[PDB]
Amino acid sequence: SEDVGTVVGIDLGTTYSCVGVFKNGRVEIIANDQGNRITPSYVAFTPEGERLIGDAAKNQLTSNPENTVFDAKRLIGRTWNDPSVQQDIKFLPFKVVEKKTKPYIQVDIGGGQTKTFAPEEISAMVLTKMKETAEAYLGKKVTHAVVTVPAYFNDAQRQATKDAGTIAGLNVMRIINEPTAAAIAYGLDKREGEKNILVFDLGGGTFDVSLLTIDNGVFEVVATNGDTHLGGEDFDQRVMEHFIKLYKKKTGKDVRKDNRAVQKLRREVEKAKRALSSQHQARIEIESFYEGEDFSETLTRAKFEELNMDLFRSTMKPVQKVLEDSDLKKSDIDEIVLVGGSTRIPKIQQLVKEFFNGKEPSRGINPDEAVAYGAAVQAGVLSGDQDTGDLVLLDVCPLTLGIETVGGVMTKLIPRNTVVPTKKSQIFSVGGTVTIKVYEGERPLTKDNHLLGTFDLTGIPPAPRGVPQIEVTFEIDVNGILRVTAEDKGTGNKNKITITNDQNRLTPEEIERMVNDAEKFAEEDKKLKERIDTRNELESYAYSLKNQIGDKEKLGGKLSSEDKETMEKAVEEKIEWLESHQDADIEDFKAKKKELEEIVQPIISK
């Protein structure tokens, strides 16, 4: 069987991502190369053509706002016409253009080249960085992963996330629903009875609520509901609009035309929002904000709440849907688990606690890391070789699937909250061509819901004496993703042909070209780490030799007047050179380490 290596759990978030591994009976949430247990979901290309991912990308946003990409999870697996896309791209500083009926990200990548990236490619870069983070920690290559998606992600969003994994060079062994991952983190340890858990997951971009039963390592989602375009970024945009209006009224200046000013505001609005979760006012200040003038304003918690009042209130509707679909009531809920960074907001915690008549949420759950933690547990389990415990997940599809057969019945096929994997088959006795449209959602007329895809059965040969009998199977797999297959039942032959979605999913050929492009940048990442790692070595040697030559008792007291002049000099000579050659290639740094060795060694061995 396949050696899957160390399987990592990656929470791929709208604003932050987080990677974990299960080793020696516990989860390690892995710190990145800057020491942060979460990594911004940001990519950028510097004017010189270098790809930054994570903190470095976020840190240069104000200086380079058109070639910095973030919030790709709000675009991934969506079509251009999607009204959520059309709303969102108005507030994103990078260009988004239509390609293959989809929103592509267009940025300048250096060398005078403009490149268009699929959202899957941007998310792939973020997953690469998470993978790079895990590899540095484990001191070995990572080939396999569990990656998270919102419970309410549709089929295309699900598939596009898995594709992002493939592009990043990861075999995604499992797509796991964010609230299900969170439930594992709550429930793993627990030596207790059967519990009804409500997970309320409000992140940077998406909202999910899932109701689970948990009993001795058995986790079952009874019902899920959410909103894939509601999160922290939305609250910021509400505050941004307020202050753009305030500044215009106060000064006459409409700053919307100036990306740099807008991104400086957004940066400070984000910090202020966070501050308002622990204080009742926050100051927003920007030195030379616009045309040389200072921005200085205060935001109150009351005002923050008022600006977002409808959005915060709307989070209760999913809670009510899951309770109704589960056939439970409020008092049946044993624990409330808050996850996602936005659950820090006091008004959100208050709405949830009030809804549950004063009940305290479950304590000790880090809302930014719980999802990755659970993912890492499932990944530990899929590894085989871990001290995890027994873990049995039964999750559900979020959306009712229905079909529209042209010249046939329109019909509901698989209700929302059906345990996956699941399937349903339909016989078509029409012959000729059969075109089937699949829809996702809860509106009673099937075709008023979201179009998942169009599927054509093309080749039906003649059956002299028998009936045209094509059986189409609609299967939702353990990743929550639909496969449509067709088999001829009148013949005897058992040929389960996969019917391909005409709503342009990435083909294996297209995916592989994106892989090749990603691998080119990964090569550069490899060189750079290697080059910096040696420059660091040479610089560490040198500055540590400065505190040994500067050890007048030990090594210093040994050296003569002739020796230490041909030593203190060699050290300073090297530091001097280092200070003017930070950009030098991996060759040169080896040389100068060796030059500083062949001049130090003869002396130190006397």
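The first residue of the shown sequence is 1; numbering continues from there.
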- prompt: Averaged over C-alpha atoms, is the B-factor higher for 443-451 or for 301-309 in this PDB entry?
  reply: 301-309
message: Mean Cα B factor from the PDB record: higher for 286-294, or higher for 391-399?
response: 286-294
- prompt: Reading the B-factor column of the entry, which of 347, 78, 424, 100 has the highest value at its C-alpha atom?
  reply: 100
Selection from 182, 463, 414, 122 [criterion: highest C-alpha temperature factor in the record]: 463
statement: For residue 584, the third of its chain by CA B-factor is the highest
message: Please place residue 533 in the lowest, middle or highest third of its chain according to the CA B-factor in the PDB entry.
response: highest
Ranked against its chain, the third holding the CA B-factor of residue 40: lowest
Third of the chain's Cα B-factor distribution that residue 591 belongs to, per the entry: highest
field: Chain-wide C-alpha B factor ranking for residue 8, given as lowest, middle or highest third
entry: lowest
